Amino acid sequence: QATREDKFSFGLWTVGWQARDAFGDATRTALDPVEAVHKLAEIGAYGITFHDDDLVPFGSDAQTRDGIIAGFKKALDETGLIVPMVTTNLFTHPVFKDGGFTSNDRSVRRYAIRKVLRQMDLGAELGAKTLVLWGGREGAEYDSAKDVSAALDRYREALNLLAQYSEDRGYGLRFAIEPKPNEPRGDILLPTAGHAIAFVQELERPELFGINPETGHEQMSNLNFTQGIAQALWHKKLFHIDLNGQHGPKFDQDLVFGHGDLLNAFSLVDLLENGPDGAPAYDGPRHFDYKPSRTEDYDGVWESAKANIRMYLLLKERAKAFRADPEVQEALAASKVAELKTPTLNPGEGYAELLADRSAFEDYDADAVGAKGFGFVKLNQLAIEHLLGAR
């Protein structure tokens, strides 16, 4: 059982995906936002997220726009769901074919900022704390078409303005850049969690910025998602997280969480949940940015929504059991995992004391240490047995 304390959130564009892929028409009808709110509340979600254009059709008059916001607001009220994050669609409309913030056309860049400021207003009105930015069209198909340096300057210029506004309007938002390596552009700017983190460090108010890494996005480059999250945590830049499944380097599948690389899904829950001193290492929403397979109907849709929660809770349960097992505890000791936490240097020791320590070099028996095993296969086998419910 999922509790609001689990903080499971879903994008309106997830369960609402009509299943129109690059090779075929939609196989499902449109989902009414209000119905989505009731259905998610019902399956145990604590919040919902949306792109401006997911809730209000691109180009609605203010009268329509207003009406829709009012109804949505009611649904949230009745159900108790919150809106932890909002995002803006800077990829669908043809105007954004070369990007929003980094489009070579100056007018498109001005327009993309306006579109986002607007969405920031709605977000603040609904109580959202995080603005997610997915630069899906920022990038290129050909190297000579995009000056990357100029593009990074323009990405920065735009973000700096957004932070200025939020701070001045007192919205208290946090901004999360969502990395993706490719698709739809041949190559997208800020392709990995690493590139996104390095970029944020260059903004005017870096403390207001972090990343929203997605499971399948890092897997599209065959990277270890868990290891990348660990690095994001070390930097304290994990502001949000998108969970889903993928089968390596191919199109973005966005399967249910745990339906792609299952072993990494397991190490991931372990990392987020078995944080320092019992407590989770991460406190934000556990957001599912996935798609119900094109072969399913609305029944299949609700099923897949629940499978995400289910997968996360089954994995958590096994990660807990894994760590609580005295035999794992023994294997951890033998592999010296915790010894990495002890500083390499003694207290107050510097280069000179180290250079004078003959045991660290002159009298060190590299051959003898080189022969002891780490017992890593055995620890790994113990984890998988916990995952399989065999221990």
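The numbering used is simple: start at 1 and walk along the sequence shown.
The question of which stretch, 351-359 or 66-74, has the higher mean Cα B factor is settled in favour of 66-74. Between 299-307 and 263-271, the higher mean Cα B-factor belongs to 299-307. Going by the entry's values, 204 shows the largest Cα B-factor out of 105, 141, 204, 218. Per the PDB record, residue ranking by Cα B-factor puts residue 369 in the highest third of the chain.
Annotation for residue 47: C-alpha temperature factor in the middle third relative to the rest of the modelled chain, per the entry. In the deposited entry, the Cα temperature factor of residue 18 places it in the highest third of its chain's modelled residues. Per the deposited record, the Cα B-factor of residue 166 falls in the highest third when ranked against the other modelled residues of its chain. Residue 134 sits in the middle third of its chain by CA B factor, as recorded in the PDB entry.
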